[PDB]
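Understanding the architecture of this molecule
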Amino acid sequence: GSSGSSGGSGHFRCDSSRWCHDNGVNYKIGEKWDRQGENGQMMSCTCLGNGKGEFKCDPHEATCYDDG
């Protein structure tokens with residue numbers, strides 16, 4: 001099915017339209033911060049916006065081979 005969980009309306013109308021929130025921190029569209037991963041390593045997130053303040057996170061590593 002769908003609509004299983006529910007809770008948390010929007011009574012107030014703050015001025016947060018171009019900001020993001022993860023661990024109680026205001027990030028600017030494009031900015032980047034550090035966080036924890038599913039396993040344990042650290043993950044880097046980059047604020048995108050596309051609305052309220054969407055964002056993504058990808059694992060950083062030096063898995064780049066050399067050419068020549």
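Residues numbered from 1 in each chain as written, not as in the entry; some residues may be left out. Heavy atoms only, no water.

For this entry, the PDB record names solution NMR as the structure determination method.

By the naming in the PDB entry, the protein goes by Fibronectin and is assigned to Homo sapiens. The title attached to this entry in the PDB is "Solution structure of the 11th FN1 domain from human Fibronectin 1".

This brings us to the overall build of the protein. Along the backbone of the protein there are 0 helices and 3 strands. When the helices and strands of the protein are placed in sequence order, the string is β-β-β. Against the compact-globule benchmark of 11 Å for 68 residues, the protein has a radius of gyration of 17 Å, which places it well outside the compact range. On the principal axes, the C-alpha backbone points of the protein span a range of 60 × 35 × 20 Å. Out of the 68 residues belonging to the protein, those deemed buried represent 15%. (Helix = DSSP H or I, 4+ residues; strand = E, 2+ residues; numbered from the N terminus. Rg over C-alpha atoms; globule rule 2.2 N^0.38 Å. Buried < 20%, exposed > 50% of the residue type's maximum accessible area, 1.4 Å probe, protein only.)

As a further point, take the UniProt feature "disulfide bond" in the protein. Annotation check: the disulfide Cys-20-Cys-47 recorded in UniProt is satisfied, the sulfur-sulfur distance being 2.0 Å, below 2.5 Å. Of this pair, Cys-20 sits in the segment before β1 (32-36) while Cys-47 sits in strand β2 (residues 42-49), placing them 27 residues apart in sequence. Just as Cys-20 is buried, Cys-47 falls in that class too. Look at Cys-45 and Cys-57: UniProt has them disulfide-bonded, and their sulfurs are 2.1 Å apart, which fits a closed bridge. (Disulfide = S-S within 2.5 Å. UniProt positions renumbered as here; feature names shortened; annotations may be inferred.)

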